[PDB]
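K.L.:
Before I ask anything, let me first share the structure, which is written out below as structure tokens.
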Protein chains: 2
Amino acid sequence: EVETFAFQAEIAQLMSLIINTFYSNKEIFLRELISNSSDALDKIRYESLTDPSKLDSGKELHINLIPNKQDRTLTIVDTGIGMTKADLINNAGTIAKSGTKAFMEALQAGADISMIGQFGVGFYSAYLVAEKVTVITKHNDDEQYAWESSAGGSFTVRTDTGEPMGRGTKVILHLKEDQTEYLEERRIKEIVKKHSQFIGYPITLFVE
Amino acid sequence: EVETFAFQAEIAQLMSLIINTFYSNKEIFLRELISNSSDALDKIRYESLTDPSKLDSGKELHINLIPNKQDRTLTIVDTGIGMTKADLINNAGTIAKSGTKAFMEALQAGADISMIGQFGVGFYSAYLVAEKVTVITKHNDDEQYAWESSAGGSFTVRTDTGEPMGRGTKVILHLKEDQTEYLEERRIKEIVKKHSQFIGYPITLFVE
Ligand SMILES: CCCCN(C)C(=O)c1cc(-c2n[nH]c(=O)n2-c2ccccc2F)c(O)cc1O
Ligand SMILES: CCCCN(C)C(=O)c1cc(-c2n[nH]c(=O)n2-c2ccccc2F)c(O)cc1O
């Protein structure tokens, strides 16, 4: 039921850098995850133009931010196109390899960690604030999958037995003990207003 | 052979704004066209992972910048995924409508024309420097098409009888008389270094 995969050398090295480098501007993880969600929403919106049945799994195109102080998690939910099992493995493999190489070269040349998104590896900035990331995803052409990594050079993929989401992606950030500010309403509002004010989909910040 | 289409009200209004508003920072058109080319290159690179035959129409993934002082044109060529006839009409229609609305609202609120790309309508910044834009495109699933507009509320689409390009998109900017600086080698190099230094594909500036 649970499949374990080794990250390739470059991605494993990038994840180690993100976890271990001293960098105070951690708030940029939110902008990267929202940007990825917006891109997935653009994809399903575009496909629905030639094929309206693509929206049978859900018409609403939105992003939800769900803080949970009890579980110490910040969840980013979108109703985008979602990812197939192959998409998950390819995005944690071949895509993340070319992106990492180009980004790590720039960091050595004097670039900032905040430019990560320009290299297509923005998702991995989640490890600035999270000790573990769980991704639940559902694409129209596949079953619901759960991807997870606490870094450490590996990730797991399993079919998800949880509540069906219709279509889209849910990124569950298991926050580091010293990073609970990202569970606070005013702090999340501040980051969204600063970095994601022009996203073309409604962003709802859930209250506890 | 030649089909004529009316732009919808919002896009026609955006194109008029771009042509008539006083805005000195025109150089941003290049960044938007290179960004679109990079996105199309990401698309074909991703599709080729599950299907390597997608690269039968060309393996090289690059961007070429071709100035022509005689014809007063700056051409941006890419070997990206290209666009089908439907893609051309949809990108000049439904996609450009939602993007325009969101962008024009921001401009009224105090935003800058330089943020156009965040709204998915970055291509239309070409009209800051061009009096006419011709687009030649070839997608694996369709024939070679020529799209053209001098704004004025309409665009044409025809099957292209020119030289086959294999796969990708060619954007031909017919420059305004006072915008010939964008044909100069040092000026193009300056803009690419400033705004497109981290693009993940080789950018070749052709010499005359
Ligand atoms: C195992 C590594 C993957 C990490 N995750 C979850 C992400 O990057 C990520 C992906 C999507 C997504 N759904 N469908 C789709 O095409 N994308 C996508 C979007 C932008 C770049 C690439 C993408 F695949 C999302 O909505 C939200 C995300 O945070
Ligand atoms: C009639 C209006 C269209 C204007 N043009 C030519 C562009 O926007 C434009 C489009 C592509 C392209 N090829 N394939 C594909 O998917 N794209 C694409 C990329 C980014 C956003 C949307 C896209 F369709 C390109 O390589 C270069 C471009 O300058």
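Order determines the names: the first chain of the structure tokens is A, the second B, and so forth; residues in each chain are numbered 1 upward, and ligands are numbered 1 upward as they are shown.
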Contacts of residue A:152 at 12 Å or less, counting only C-alpha atoms, minus same-chain residues fewer than 3 places along, as a list in words?
P.N.:
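The residues satisfying every condition are residues 5, 6, 7, 8, 9, 11, 12, 13, 14, 15, 16, 17, 19, 127, 131, 132, 148, 149, 155 and 156 of chain A.
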K.L.:
May I have the residues within 7 Å of ligand 1, computed using only C-alpha atoms and all ligand atoms, as a CSV table (one decimal) with N, CA and C atoms, in the first residue's frame?
P.N.:
```csv
chain,number,residue,atom,x,y,z
A,33,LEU,N,3.5,28.5,-2.6
A,33,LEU,CA,2.4,27.6,-2.5
A,33,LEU,C,1.1,28.1,-3.2
A,36,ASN,N,1.7,28.2,-7.0
A,36,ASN,CA,1.5,26.9,-7.6
A,36,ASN,C,0.0,26.5,-7.7
A,37,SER,N,-0.8,26.9,-6.6
A,37,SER,CA,-2.2,26.7,-6.6
A,37,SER,C,-2.9,27.5,-7.7
A,39,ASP,N,-1.6,28.5,-10.6
A,39,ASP,CA,-1.1,27.8,-11.8
A,39,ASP,C,-2.0,26.6,-12.1
A,40,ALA,N,-2.3,25.7,-11.1
A,40,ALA,CA,-3.1,24.6,-11.2
A,40,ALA,C,-4.6,25.0,-11.5
A,41,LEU,N,-5.1,26.1,-10.9
A,41,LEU,CA,-6.4,26.6,-11.2
A,41,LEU,C,-6.5,27.1,-12.7
A,43,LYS,N,-4.8,26.0,-15.2
A,43,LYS,CA,-4.8,24.7,-16.0
A,43,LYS,C,-6.2,24.1,-16.1
A,78,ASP,N,-6.6,23.9,-2.8
A,78,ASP,CA,-7.0,24.4,-4.1
A,78,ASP,C,-7.9,23.4,-4.8
A,80,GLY,N,-7.7,23.2,-8.1
A,80,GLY,CA,-7.0,23.2,-9.4
A,80,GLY,C,-7.1,21.9,-10.1
A,81,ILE,N,-6.3,21.7,-11.2
A,81,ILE,CA,-6.4,20.5,-12.0
A,81,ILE,C,-5.9,19.2,-11.2
A,82,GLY,N,-5.2,19.3,-10.1
A,82,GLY,CA,-4.7,18.2,-9.4
A,82,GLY,C,-3.5,17.5,-10.1
A,83,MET,N,-3.0,16.4,-9.4
A,83,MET,CA,-1.9,15.7,-10.0
A,83,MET,C,-2.2,14.2,-10.0
A,87,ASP,N,2.4,12.5,-12.2
A,87,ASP,CA,2.7,13.9,-12.0
A,87,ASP,C,3.5,14.1,-10.7
A,88,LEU,N,3.0,13.4,-9.6
A,88,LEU,CA,3.7,13.5,-8.3
A,88,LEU,C,5.1,13.1,-8.4
A,89,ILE,N,5.4,11.9,-9.0
A,89,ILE,CA,6.7,11.3,-9.1
A,89,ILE,C,7.6,12.2,-10.0
A,91,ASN,N,7.2,15.5,-10.8
A,91,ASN,CA,7.5,16.7,-10.1
A,91,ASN,C,8.5,16.6,-8.9
A,92,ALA,N,8.6,15.4,-8.3
A,92,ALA,CA,9.6,15.2,-7.3
A,92,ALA,C,10.9,14.6,-7.9
A,120,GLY,N,11.1,27.1,-10.7
A,120,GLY,CA,10.1,26.1,-10.7
A,120,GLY,C,10.1,25.1,-9.6
A,123,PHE,N,7.8,25.1,-4.4
A,123,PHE,CA,7.2,24.2,-3.4
A,123,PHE,C,8.1,23.9,-2.3
A,135,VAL,N,0.9,16.0,1.0
A,135,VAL,CA,0.2,16.5,-0.2
A,135,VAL,C,-0.9,15.5,-0.5
A,147,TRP,N,1.0,12.1,-0.9
A,147,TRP,CA,2.5,12.2,-1.0
A,147,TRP,C,3.0,12.8,0.3
A,168,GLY,N,-8.3,18.6,-7.1
A,168,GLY,CA,-7.4,19.6,-6.6
A,168,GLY,C,-6.3,19.1,-5.8
A,169,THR,N,-5.7,20.0,-5.0
A,169,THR,CA,-4.5,19.7,-4.2
A,169,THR,C,-4.6,20.3,-2.8
A,171,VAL,N,-2.1,20.9,0.5
A,171,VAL,CA,-0.7,20.9,1.0
A,171,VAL,C,-0.8,21.1,2.5
```
K.L.:
Taking into account only C-alpha atoms, which residue in the set A:23, A:182, A:103, A:145 is nearest to chain B?
P.N.:
A:103
K.L.:
For a quick test of understanding: name the residues of chain A lying within 8 Å of chain B when counting only C-alpha atoms, and present them as a PDB file with N, CA, C and O atoms, in the first residue's frame.
P.N.:
```
ATOM      1  N   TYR A  46      -8.530  26.514 -18.172  1.00  0.00           N
ATOM      2  CA  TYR A  46      -8.207  26.431 -19.598  1.00  0.00           C
ATOM      3  C   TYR A  46      -8.755  25.168 -20.260  1.00  0.00           C
ATOM      4  O   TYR A  46      -9.320  25.258 -21.352  1.00  0.00           O
ATOM      5  N   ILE A  95      11.593  17.120 -13.085  1.00  0.00           N
ATOM      6  CA  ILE A  95      11.331  18.576 -13.053  1.00  0.00           C
ATOM      7  C   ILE A  95      12.140  19.249 -11.955  1.00  0.00           C
ATOM      8  O   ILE A  95      12.816  20.247 -12.206  1.00  0.00           O
ATOM      9  N   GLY A  99      15.431  22.328 -12.261  1.00  0.00           N
ATOM     10  CA  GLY A  99      15.130  23.532 -11.491  1.00  0.00           C
ATOM     11  C   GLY A  99      16.126  23.782 -10.379  1.00  0.00           C
ATOM     12  O   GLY A  99      16.615  24.907 -10.214  1.00  0.00           O
ATOM     13  N   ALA A 102      19.891  24.865 -11.649  1.00  0.00           N
ATOM     14  CA  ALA A 102      19.843  26.286 -12.018  1.00  0.00           C
ATOM     15  C   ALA A 102      19.740  27.207 -10.782  1.00  0.00           C
ATOM     16  O   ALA A 102      20.459  28.208 -10.711  1.00  0.00           O
ATOM     17  N   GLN A 118      11.224  31.305  -9.472  1.00  0.00           N
ATOM     18  CA  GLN A 118      11.660  31.544 -10.857  1.00  0.00           C
ATOM     19  C   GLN A 118      12.327  30.290 -11.445  1.00  0.00           C
ATOM     20  O   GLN A 118      12.504  30.200 -12.654  1.00  0.00           O
ATOM     21  N   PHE A 119      12.685  29.321 -10.586  1.00  0.00           N
ATOM     22  CA  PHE A 119      13.341  28.092 -11.016  1.00  0.00           C
ATOM     23  C   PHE A 119      12.396  26.885 -11.034  1.00  0.00           C
ATOM     24  O   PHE A 119      12.835  25.774 -11.306  1.00  0.00           O
ATOM     25  N   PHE A 198      -2.727  40.072  -5.854  1.00  0.00           N
ATOM     26  CA  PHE A 198      -3.302  40.066  -7.205  1.00  0.00           C
ATOM     27  C   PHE A 198      -3.600  38.667  -7.787  1.00  0.00           C
ATOM     28  O   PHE A 198      -3.847  38.548  -8.991  1.00  0.00           O
ATOM     29  N   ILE A 199      -3.656  37.627  -6.934  1.00  0.00           N
ATOM     30  CA  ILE A 199      -4.009  36.269  -7.381  1.00  0.00           C
ATOM     31  C   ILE A 199      -5.453  36.312  -7.929  1.00  0.00           C
ATOM     32  O   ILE A 199      -6.322  36.916  -7.298  1.00  0.00           O
ATOM     33  N   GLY A 200      -5.660  35.737  -9.112  1.00  0.00           N
ATOM     34  CA  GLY A 200      -6.933  35.764  -9.836  1.00  0.00           C
ATOM     35  C   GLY A 200      -8.034  34.816  -9.388  1.00  0.00           C
ATOM     36  O   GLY A 200      -8.978  34.560 -10.147  1.00  0.00           O
TER      37      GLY A 200
END
```
K.L.:
Set the distance at 6 Å and use only C-alpha atoms: which residues neighbour stretch 203-207 of chain A once local chain neighbours fewer than 2 positions away are removed? I'd like the list as a PDB file with C-alpha atoms, in the first residue's frame.
P.N.:
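Final output, out-v7.pdb:
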```
ATOM      1  CA  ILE A  63      -7.813  28.635  -2.632  1.00  0.00           C
ATOM      2  CA  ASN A  64      -8.453  28.000   1.121  1.00  0.00           C
ATOM      3  CA  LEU A  65      -5.882  28.604   3.923  1.00  0.00           C
ATOM      4  CA  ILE A  66      -6.697  26.478   6.979  1.00  0.00           C
TER       5      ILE A  66
END
```
K.L.:
Between atom CA of residue B:129 and atom CA of residue B:197, what distance in Å does the model show, to one decimal?
P.N.:
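Interatomic distance, atom CA of residue B:129 to atom CA of residue B:197: 21.4 Å.
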